[PDB]
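Below is one structure, written out as structure tokens; comments come after it.
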Amino acid sequence: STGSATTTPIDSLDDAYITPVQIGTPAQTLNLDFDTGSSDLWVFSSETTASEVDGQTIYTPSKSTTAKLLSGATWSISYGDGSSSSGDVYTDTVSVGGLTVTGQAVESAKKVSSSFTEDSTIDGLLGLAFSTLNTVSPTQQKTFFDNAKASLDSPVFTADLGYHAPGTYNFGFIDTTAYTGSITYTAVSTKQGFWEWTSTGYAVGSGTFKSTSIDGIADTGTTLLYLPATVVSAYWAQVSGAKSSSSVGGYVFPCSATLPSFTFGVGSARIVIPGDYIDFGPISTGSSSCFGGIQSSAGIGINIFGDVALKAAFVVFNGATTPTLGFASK
């Protein structure tokens with residue numbers, strides 16, 4: 001089997017991407033944030049505290065003839081941005097782009113933090129990291145990809161995120177028309193539960209490539225590119241007027257600037273992020289100070305290849321017995 005679904009930016013900045021997902025019988029379609037940095041599929045639901053729902057579409061398990069309460073199971077998750085959610089668990093039929101999994105754990109939110117309530121475009125998350133990170137207790141549950149893997153033509157999914165445009169998540173096949181050149185594969189460590197890999201270095205603009213190992217995660221659920229402070233300083237030093245602002249929470253730059261590109265290494269290959277991808281617009285409406293798309297990881301504990309980086313490539317999440325990542329230009 002295979003699946004193929006279009007993923008669409010939630011706003012004009014590509015702050016996140018939503019992908020339609022069919023849950024239950026008859027289908028209830030929710031727009032979920034596919035997140036290769038976490039491992040829970042959770043949804044706004046008929047059980048979510050009413051004051052914490054503001055425009056989202058909700059899953060109502062009582063209207064699904066295939067929903068079954070997973071007795072005793074609870075979940076609770078906190079994300080790197082400080083947001084959180086928690087609730088109980090059903091199993092139900094879940095389909096993505098024509099690919100169907102029966103008995104998928106669907107985590108029903110009883111509580112969500114303010115940032116989820118405030119984002120009416122995201123109806124939940126669909127985690128695609130390794131199932132060892134799933135938060136369901138007392139019986140940990142498998143991700144949608146883990147459950148579908150055995151049925152897929154090939155044990156892979158791909159992320160092809162667009163810049164200011166829709167893109168695609170494919171399951172079970174590699175669309176050879178979706179990228180240019182060849183795909184370069186690189187080793188993955190699953191020891192932290194992430195799609196964790198080591199980039200071979202970077203360049204700023206037309207500058208020379210610096211060979212240096214940068215361990216980080218491929219995370220479709222993080223908007224920006226978070227790298228060591230040395231790398232980020234070298235980037236922003238090439239932008240007149242750019243500075244790190246403690247009051248804003250990162251590097252800002254004059255909105256009048258033209259940003260240089262940023263290149264990262266995948267083995268001997270190179271992925272180029274155009275400068276425009278690094279512009280996240282005014283810090284507040286009408287401001288001439290703009291927020292940068294490359295930020296320091298120094299306060300995180302891990303480097304994060306988020307959407308800013310991933311949308312410059314066609315990315316293969318290879319879930320073979322020994323997982324690997326593949327990157328191609330496009």
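Under the deposited numbering, the first residue of the sequence shown carries the number 1, and numbering increases by one thereafter. Don't be surprised by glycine CBs; every beta carbon is placed ideally from N, CA and C.
Reference residue i, options the options, closest by Cα
i      : options                           : result
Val101 : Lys210, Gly241, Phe171 and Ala129 : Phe171
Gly292 : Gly3, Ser151, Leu13 and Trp195    : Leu13
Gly207 : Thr177, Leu225, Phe262 and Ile283 : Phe262
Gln28  : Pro9, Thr66 and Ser39             : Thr66
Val188 : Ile18, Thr321, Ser38 and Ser329   : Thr321
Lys68  : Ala105, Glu47 and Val53           : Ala105
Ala309 : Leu161, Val136, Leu325 and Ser51  : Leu161
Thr212 : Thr6, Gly265 and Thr223           : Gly265
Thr177 : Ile23, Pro20 and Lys330           : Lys330
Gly80  : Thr223, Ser199 and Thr285         : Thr223
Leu70  : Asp33, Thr48, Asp11 and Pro138    : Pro138
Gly326 : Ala73, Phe144, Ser182 and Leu227  : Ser182
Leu41  : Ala16, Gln56, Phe209 and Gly127   : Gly127
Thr57  : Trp197, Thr121 and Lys149         : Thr121
Cβ distance (whole Å) where residue i is taken to contact residue j below 8 angstroms
i     : j     : result
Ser76 : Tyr59 : So it is not a contact: roughly 18 angstroms between Cβ atoms.
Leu99 : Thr2  : 6 angstroms
Straight-line gap, residue i to residue j (C-alpha atoms, nearest Å)
i      : j      : result
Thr220 : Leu125 : 11 angstroms
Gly87  : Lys111 : 6 angstroms
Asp146 : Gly241 : 47 angstroms
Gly82  : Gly205 : 33 angstroms
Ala313 : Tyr179 : 8 angstroms
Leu259 : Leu30  : 36 angstroms
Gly193 : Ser39  : 9 angstroms
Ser289 : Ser296 : 18 angstroms
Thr158 : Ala328 : 11 angstroms
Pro228 : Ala203 : 14 angstroms
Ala269 : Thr324 : 16 angstroms
Opposing strand residues paired with residue i [DSSP bridges]
i      : result
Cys290 : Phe253 and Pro282
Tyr277 : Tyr277 is not bridged to any residue.
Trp236 : DSSP lists no partner for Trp236.
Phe34  : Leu126
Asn170 : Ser4 and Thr158
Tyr17  : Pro9
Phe209 : In the DSSP output, where bridge partners are listed per residue, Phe209 has none listed.
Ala218 : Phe305
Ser151 : In DSSP, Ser151 forms no bridge with anything.
Secondary structure of residue i, DSSP reduced to three states
i           : result
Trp195      : coil
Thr263      : strand
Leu161      : coil
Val315      : strand
residue 340 : The requested residue 340 is not part of the displayed model; the chain covers only 1 to 330.
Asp54       : coil
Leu69       : strand
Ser115      : helix
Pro61       : helix
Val188      : coil
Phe44       : coil
9 angstroms Cβ cutoff, residue i in contact with chain C
i      : result
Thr322 : You won't find chain C in this structure, because it holds only one protein chain.
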